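For reference, the structure discussed in these notes is given below.
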Amino acid sequence: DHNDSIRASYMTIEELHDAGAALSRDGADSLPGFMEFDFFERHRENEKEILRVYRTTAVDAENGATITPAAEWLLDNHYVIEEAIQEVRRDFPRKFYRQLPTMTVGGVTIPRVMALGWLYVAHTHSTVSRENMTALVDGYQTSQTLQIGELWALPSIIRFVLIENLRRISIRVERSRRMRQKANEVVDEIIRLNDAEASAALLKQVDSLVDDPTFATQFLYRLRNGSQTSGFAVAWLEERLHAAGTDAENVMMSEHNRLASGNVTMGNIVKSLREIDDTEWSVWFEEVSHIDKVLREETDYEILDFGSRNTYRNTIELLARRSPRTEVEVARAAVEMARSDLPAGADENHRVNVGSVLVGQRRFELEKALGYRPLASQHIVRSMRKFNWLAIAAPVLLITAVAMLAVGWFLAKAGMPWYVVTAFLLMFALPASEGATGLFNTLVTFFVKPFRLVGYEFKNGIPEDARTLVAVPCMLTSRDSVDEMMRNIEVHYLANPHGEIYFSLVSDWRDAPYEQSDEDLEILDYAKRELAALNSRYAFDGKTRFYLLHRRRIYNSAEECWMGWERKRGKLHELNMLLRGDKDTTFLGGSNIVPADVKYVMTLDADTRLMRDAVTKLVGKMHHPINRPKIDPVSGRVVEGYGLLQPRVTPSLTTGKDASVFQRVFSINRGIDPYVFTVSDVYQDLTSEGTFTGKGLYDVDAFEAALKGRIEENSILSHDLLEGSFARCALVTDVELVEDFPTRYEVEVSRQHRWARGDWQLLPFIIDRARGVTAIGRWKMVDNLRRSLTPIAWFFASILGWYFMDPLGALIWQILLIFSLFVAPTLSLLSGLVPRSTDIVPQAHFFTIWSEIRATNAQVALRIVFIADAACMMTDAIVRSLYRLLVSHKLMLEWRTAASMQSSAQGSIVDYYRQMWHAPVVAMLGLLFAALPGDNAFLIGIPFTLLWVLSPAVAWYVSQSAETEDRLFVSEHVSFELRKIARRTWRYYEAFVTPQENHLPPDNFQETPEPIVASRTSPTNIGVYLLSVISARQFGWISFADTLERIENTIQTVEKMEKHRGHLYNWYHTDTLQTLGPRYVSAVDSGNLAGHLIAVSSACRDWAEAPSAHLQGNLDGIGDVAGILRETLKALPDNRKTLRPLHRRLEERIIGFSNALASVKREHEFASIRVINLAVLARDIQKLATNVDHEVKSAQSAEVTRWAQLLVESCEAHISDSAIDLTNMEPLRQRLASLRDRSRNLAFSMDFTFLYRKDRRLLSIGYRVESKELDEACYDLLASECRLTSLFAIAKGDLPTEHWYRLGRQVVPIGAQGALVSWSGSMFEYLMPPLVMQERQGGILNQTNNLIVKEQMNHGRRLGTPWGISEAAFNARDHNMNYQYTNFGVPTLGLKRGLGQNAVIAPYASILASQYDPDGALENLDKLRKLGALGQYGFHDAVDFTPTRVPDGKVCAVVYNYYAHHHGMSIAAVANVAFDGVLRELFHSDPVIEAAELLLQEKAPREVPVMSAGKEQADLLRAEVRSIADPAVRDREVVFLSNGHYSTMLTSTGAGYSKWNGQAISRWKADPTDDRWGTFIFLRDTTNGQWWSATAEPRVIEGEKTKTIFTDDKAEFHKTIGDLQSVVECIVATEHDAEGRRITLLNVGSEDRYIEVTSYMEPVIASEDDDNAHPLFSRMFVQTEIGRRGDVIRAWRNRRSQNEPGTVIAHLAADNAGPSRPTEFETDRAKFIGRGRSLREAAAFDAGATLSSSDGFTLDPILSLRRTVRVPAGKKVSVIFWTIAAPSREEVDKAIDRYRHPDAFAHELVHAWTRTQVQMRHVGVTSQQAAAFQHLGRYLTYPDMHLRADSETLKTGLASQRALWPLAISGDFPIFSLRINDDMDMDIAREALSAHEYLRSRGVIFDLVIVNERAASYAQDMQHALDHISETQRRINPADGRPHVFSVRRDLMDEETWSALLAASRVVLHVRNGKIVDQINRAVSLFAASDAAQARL
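So the sequence shown is residues 20 to 1528, 1536 to 1962, 1964 to 2012, 2020 to 2027, counted in PDB author numbering.
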């Protein structure tokens, strides 16, 4: 075991420890491998070599080759080997790798961490285990410890060493394969020529190829053990090998090495890579770390936000790096100085707050004490901090001043009396200010690290001393909105259920002029009842979590309505005193209860949603003592502390089912990105305060002090800025809170001008030094005012610019004006393409810049076209605000009642123009005023003014709704056809559901071959059936009572259905309700059933709350059934005796009924009396259909009758729905409530904990109750259907988020973008989550779905056949045919080799994809409908296209199967498409699933990785067709035909025999030089007198341009001579032991040819040995005789005793294509031969003496018939010859009445094809393997010998007597002598025994001998291993003695027996030197090469 890998005598545990300990003091000085190199270049070369050795192996093994076990892992798992090649180079930038210390291993210097990698890949078998590395690092750290980072590099450096060994093994295994087969052709050339002179010249060249210790292994084997061998070929190999004295067998054994070791190490490499990928390294690093041992005691490092712990570690490492001190004492000396920091807290009485000096206030003192010298970046940052807010405002002002100076220098050329330049500069500097602040933000993001806040870890929830009440300010315009407000509260509670957390709602009954209208009591009482009901459901631990607080309002001092003390700040404050033991708060009596302390309060809002367990982060961060506010006693402002923490906010992807183009263009930041850790902001990294926009967390005491100290009455909501400025703020940027953006262009300007009004209202605080305001806060309000003033400045600047100046160069100024707006957003865009000073070389990553370029361009265009409207509206707002600022009005608390806009209707162009009416008028008036002066401003002004005036038009265009996944525009015809298809498909459920322990789908159901139902049930079937029932009720196909009955029956059945811990077993019985096989539980079935039951229960609740409006329905099914009837009626042929009156009458009646239905649907009130009369019309249609049927008994007439029936009970169901009492719905409410309860109970019943593998996460494939063991693998990909099950399992609570965040995510480049990688990428694995869940436009899943559907459509175009590939039952039938089942997909998204040879189309695929693309799917469905794919109950299962399984000349194949599994999905998809996805909300209407819905969404990352990559039509599987032109001048070939007990053999020229059950039918002998024995068909020319044969072998006519086909089923013979050709195909029939010889003759001449046909067969019935012993007897007992209707001759042996079998045989003439002619017989061979003649020169084929018709007890009987044919020019003649036999005479008559009739040949060819397909499927054979086995049988059945042993070894052996002693008599046995000695392959013997079993089915009898040839050490183990597989055949066959299989152990038996066996063996083979089914083909290419001239003689 050498190879070239790195192995160093594996030593196991307790030796690695000592090795590392020795290495610590004095080690290395050598390595098992090692070589001088450099990192990056070596890694790149490794990449190149791995790609090559991979691409070469892929281009090989497809042309036909044997793949080594070592190459199996590389081919199968190249993808995993790739990303491990990645994830390094990424984790080692050049500078980072440089710092690693030196080790100096013998001269050269090596990184210390990577040197340990070489020591531990070697003392293993390339296996990595956690405990091994732990022991090694423990042993190594005895003297010198491993610092932080180095211990972070072992996982990223081991993979570098591992792939190096992979390269060293792959480069050798690839070389060892091609050069192995190099000897194959050389020895072929050696054996081709029998020379002894040129052989030396040939062998001299390969002198350099003899020292390689694998060339000789195959060369010597193929020579010595091959066959012919040589005395000089193996004469130099030994002599040359004598160098180094390795003798002969040492090299033999050396090839045994370097192979098994290679395979083992190659497998171990992949196993180790998988283990490293799956294992966690943070926990292992924490365990084995040394610096963390000190930091576990005396400090709280354990529970401190692991990311923040890493921040501590980074700070410690940075301090240690730049200071002249080691790393250990940095974390130790800090503790000593922090020991004097004093406890300073309640919980903190013990322990030491080390973070107070590391990240806290005392960082500078720590740095000064430790001697650390700050970095220049830290120096400039601290200078910035010591400056203050001015360091931020100064650069922007400087840039604006520079821009102003530049523009003033440029714009000084048109006079400017200097009283207008000031105005222009003031109005232009604001875009300059925006550009300057954008540039400053970009640069600070580039150069300043973001800010992170340290917090606690509340793993068990928020504990005592921190109580949070989630006060969600809310409103109350209720009646039904209170229900969704409670839903929001419930979802928020479900978001963070852990910990001592309370929830409540704070609201206010609007603003009314009255203090209390007293009518709110009913709404208040209803709200209290809802709260009480919500309290009971979650009554756990006796915790009244949900409260309700409502304010009573007080009248405003100035005016308006009762609005409290303040609209919001008010509620917040009077809540603040409420929690502080205050009782005079005027909220309300009764509902004024609070849970005691509640130190913290969530602000939140009525719409924003919360991340799961997000509050556990903010609460811990604020409870951290460093973040606790201090409050300044002199003036409360919190000098050092964080009273307010604000979380970062990102908008939602789509506002429910509405996404307009306006949404996409004015919101760039969308989606949730898992990778981003922290975002950088200009404010927090430069001032350490953030912005408390609308949400956050505050301390009650600090907030109360800061607000009540300075706040005053009469302030607008702008309190948020003031409240944040009071104490402090801090953007945590680690907690997310989603929100939405309005889609209609009415509210955006509303909120914008309200905030502008608030900002302007903040001006008095800016202008006043008194009160309380910060200079930085003053600057931020000034910036807000500047942002408000930008559009007015721009607009008025333009207005004055085109007027005052009016030059010819005025275009440049507007160019710069729009250039500023282009510049403003684009700087942040460039922040993605910056490489940060060429960090690493990038991979393929796409560019996709067009999307954001278009977005920016459209956004700027919309901004410049709406700027006038925005400016006008918010200037009105500014004037209104300034009125209150100056005059001090009483209107400054207005929220929304402004009458300026007062929008009260939907958008319309007729509405915006009237409501705005201001900005376009102002613009046009300004243009008219400024156009006439100067006479040069019109050209510049016209296009721009036309842009502004058309503002309402583009606003209306962008306000319109757009389709994403549920509002798709489908029109009517597409929807009509989809509903029609669904209704037609639904007939299956009616047909196959009736109570017989039923209400379970019956799974598959065949149609053609005696249709049967397989009573097996799966949970997925139940779920899809329930969804189908819901969809059917939605469509109105069924009444309201029938749905209840079906649901109740299904629920009862599933309750009585046995369960294992709530889960359901894999398979069930419909009739007996018992488990079918082994008890197996799969995660897919339980997840699917739970997901569907959720929707069922939600819908039950939906129509149980108000069971009156859901009664009617839609009244659309009765139109779909009418359309079905119309379509069916068109296909009825109408050319009969009575023409077509009834068809016409039905046509007018149907169109009249359709018109009446349309008229009723047009009515709005939906009269019940109108639909009653339609039942009469339906009954009339039924009677007319019955009248049509009574005269024509066609199947389609029955279909018409059935589809009329379905219509008339559809009408009955609608009437019954209209016939409900509708007066007592309370019992119905009870029924629906009970159904909902029993449905949702089963939803939560299953427990998914036991399927969770807590070593590598993810859900296992399944569970087996036996042995209580998990299967093995897990669903390791996002593209799996289990993502619904995972979502439910994580939402239920028994799973963490690491489950969801550790599976899939891979991308494959297709087109411009990328999609999701799949295993067996059929969209069966994609479509289910869209069916049940909700998908948004911006999500990854929808984009991937679009890409995959486009790719499948393109694949369908390129292949030619219709598209759509998914798993189904492909065209292959087993014993008791069931059509089988397997998976399919597309090659691009497969990851599985062999998916390109299927070519299978599934009809249900097209309807599945109809959701995303309706038109293409509809066209594909129509294309399928053109073919035969529509059955009785809908579309069939699949259609086949692979040419191997394609029968006859048909283009395609049809599978007649219906699956209950693939039918409900179609109905669900149709319901989703037609009714705008009702099922989308049904699943998502449950609080439990709605709480975890936010794990969805996310954006497509933006950088696709791209891994390594008529061929589509050239890769389909193809069978083998043996095409032979002229067999006469070639060697013979044999084809076998057998039905299992009737076998016949056919040679290359029509010779052969027929064996029945082991006896003979026609005499046959093995004459190699004659081959003229068997049945022959003779053709004679009447006019010329010449006679010949159809095969022409016994005659041979000059010319003879023949052809031959010997494919399966039929053997085809071709022969043409003299413008006359004869083609004959011979096939054996089925069910009657009949062999058919159909002679087919065609003529293309110009004259009538008069020729005759003659038959010749010899009936012999014996035991194949008695006949060959004394033929006279067996000839004599034959009793050939012909009876009436002289076309059949029956011959049976006369009976001697009671032991003879009998087996009467007969021959059939069965004339065809002839009016009337008589046949003649010559049943006597004595007159046929002629006493001295032969077959080639016969006597009967002579003028005269023509078939004297001798019959009886003839001495030498045969069977022969003659039939003259009349074949004119251009027409056809056909005659069939039948060879039949039967054990009894009475059975012959039962078969003669089936072939004597005309035709009788078609419909048996298909039977033979089906039977041979079944036989070849029963045993794992292949067409090429079948051909090889038939060639082997040809060699075995004839005394031809071409692959036997040598001509020298066999001489001194073969006594033939020493065979019975070894139990192998070998009397009636040609014997085969496969020899094996490897024990490694164990596959050649399996193929040999499979061939023998195959040969046993074709009437070939021989015994298989496997000669074990291993030494006695492993001989017993090898014998047991081979018996493990042979014992399936060593058992006796069905009553014969012993079976034909043998095995001998070489050591025990004597040498003489082995020599005799090898000499007498017909074929000798070795397992190494060749392969089964491949050595047979090599003989034909080697044994080849004057017997041609005498042919045509």
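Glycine included, each C-beta is placed from N, C-alpha and C at the ideal position.
Subject >> Nearest-angstrom Cβ-Cβ length linking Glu765 and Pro670, presumed shorter than 8 Å >> reply: Incorrect: roughly 19 Å between the Cβ atoms, too far for contact.
Subject >> Inter-residue spacing [alpha-carbon to alpha-carbon] between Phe429 and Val941 >> reply: The straight-line gap separating the alpha-carbon atoms of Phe429 and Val941 is approximately 30 Å.
Subject >> 8 Å Cβ cutoff met for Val1791 and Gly1740 >> reply: Yes, the Cβ-Cβ distance between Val1791 and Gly1740 is below 8 Å.
Original post:
Which ranges does the beta strand (DSSP E) cover as unbroken runs of at least 3 residues, wholly within the segment 1830 to 1916, from first to last along the chain?
Top reply: Runs of the beta strand (DSSP E) inside the segment 1830 to 1916: 1898 to 1902.
Original post:
Helix, strand or coil: which one does DSSP assign to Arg1464?
Top reply: Residue state, collapsed to three classes: coil.
**OP:** Tell whether a beta-carbon distance below 8 Å holds between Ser1050 and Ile1137.
**Re:** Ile1137 sits away from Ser1050, with the two beta carbons spaced by 8 Å or more.
Subject >> Residues near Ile86 by beta carbon distance below 6 Å, same chain, minus five either side >> reply: Cβ within range, chain order: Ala80.
**OP:** Kindly indicate which residue of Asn1068, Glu1077, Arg382, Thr627 has the alpha-carbon position closest to the one of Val668.
**Re:** With distances taken between Cα atoms, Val668 lies closest to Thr627.
Subject >> Three or more C-beta pairs below 8 Å linking the segment 616 to 631 and the segment 490 to 505 >> reply: Because the criterion of three Cβ pairs below 8 Å is met, the segment 616 to 631 and the segment 490 to 505 touch.
Original post:
Where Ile1731 and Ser1723 are concerned, what is the direct C-alpha to C-alpha distance, given to the nearest angstrom?
Top reply: Each residue's Cα considered, the two are about 19 Å apart.
Original post:
DSSP on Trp813, reduced to helix/strand/coil?
Top reply: Secondary structure at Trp813: helix, using DSSP grouped into helix, strand and coil.
Original post:
What runs of the beta strand (DSSP E), each 3 residues or longer, lie entirely inside the segment 1433 to 1513?
Top reply: Fully enclosed beta strand (DSSP E) runs of 3 or longer: 1457 to 1459, 1472 to 1474.
Subject >> Collapsed DSSP secondary structure at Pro861 in the structure displayed >> reply: Here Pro861 sits in coil by DSSP.
**OP:** For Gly1357, count neighbouring C-beta atoms within 10 Å of its own C-beta (all shown protein chains included) and say buried if the count is 16 or more, exposed if not.
**Re:** Buried: at least 16 other Cβ atoms inside 10 Å.
Subject >> Contact under 8 Å by Cβ, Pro130 with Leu119 >> reply: In terms of Cβ geometry, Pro130 and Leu119 form a close pair [threshold 8 Å].
Original post:
When you compare each of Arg855, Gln163, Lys1078, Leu819 to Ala949 by their alpha carbons, which one comes out closest?
Top reply: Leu819 is the residue among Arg855, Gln163, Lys1078, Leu819 whose C-alpha sits nearest the C-alpha of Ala949.
Subject >> Start-end ranges of the beta strand (DSSP E) lying completely within the segment 468 to 544, minimum 3 residues >> reply: Correct list: 487 to 492, 520 to 526.
Original post:
So what's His1567 in DSSP terms, helix, strand or just coil?
Top reply: The three-state reading of DSSP puts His1567 in coil, since its state is none of H, G, I, E or B.
Subject >> DSSP-derived helix/strand/coil call for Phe383 >> reply: Reduced to three states, the DSSP call for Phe383 is helix.
Original post:
Based on Cα-Cα distance, which residue from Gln160, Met133, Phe56, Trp255 lies nearest to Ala41?
Top reply: Per the Cα distances, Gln160.
Original post:
Helix, strand or coil: which one does DSSP assign to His1183?
Top reply: Three-state DSSP puts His1183 in coil, outside helix and strand.
Original post:
Is the Cβ-Cβ distance between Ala1114 and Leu1498 less than 8 Å?
Top reply: In contact: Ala1114 and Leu1498 (Cβ atoms closer than 8 Å).
**OP:** Evaluate residue 2034 with the Cβ neighbour count: other Cβ atoms within 10 Å of its Cβ, from every protein chain shown; 16 or more gives buried, anything less gives exposed.
**Re:** In the structure as shown, the chain starts at 20 and stops at 2027, and residue 2034 therefore has no counterpart that could be examined.
Subject >> Buried versus exposed, by CB contacts within 10 Å (16 or more), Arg548 >> reply: Classification for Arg548: exposed.
Original post:
How is the alpha helix (DSSP H) around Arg1377 delimited, first residue to last?
Top reply: According to the DSSP assignment, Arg1377 belongs to the alpha helix (DSSP H) that extends over 1359 to 1378.
Original post:
Expressed to the nearest angstrom, what Euclidean distance is found between the alpha-carbon atoms of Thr75 and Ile190?
Top reply: If I take the Cα positions, the gap works out to 11 Å.
Subject >> Meets three-Cβ-pair contact criterion under 8 Å: the segment 447 to 464 and the segment 411 to 421 >> reply: The segment 447 to 464, when compared against the segment 411 to 421, does touch it at the 8 Å Cβ threshold.
Subject >> Close-in-space but distant-in-sequence residues of the same chain around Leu50 (CB under 6 Å, 5 per side omitted) >> reply: If we look at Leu50 and ignore the five residues flanking it on each side, its Cβ neighbours are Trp137.
**OP:** Please list, in chain order, all residues of the same chain as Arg1972 whose beta carbon is under 7 Å from its beta carbon, the five residues on each side excluded.
**Re:** The answer, listed in chain order, is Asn1934, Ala1941, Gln1945.
Original post:
What does DSSP give as the partner residues of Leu750 in its beta bridges?
Top reply: As a beta-bridge residue in DSSP terms, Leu750 pairs with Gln665.
Original post:
For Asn595 versus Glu732, is the C-beta distance shorter than 8 Å?
Top reply: Their beta carbons are not under 8 Å apart, which means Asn595 does not touch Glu732 by this criterion.
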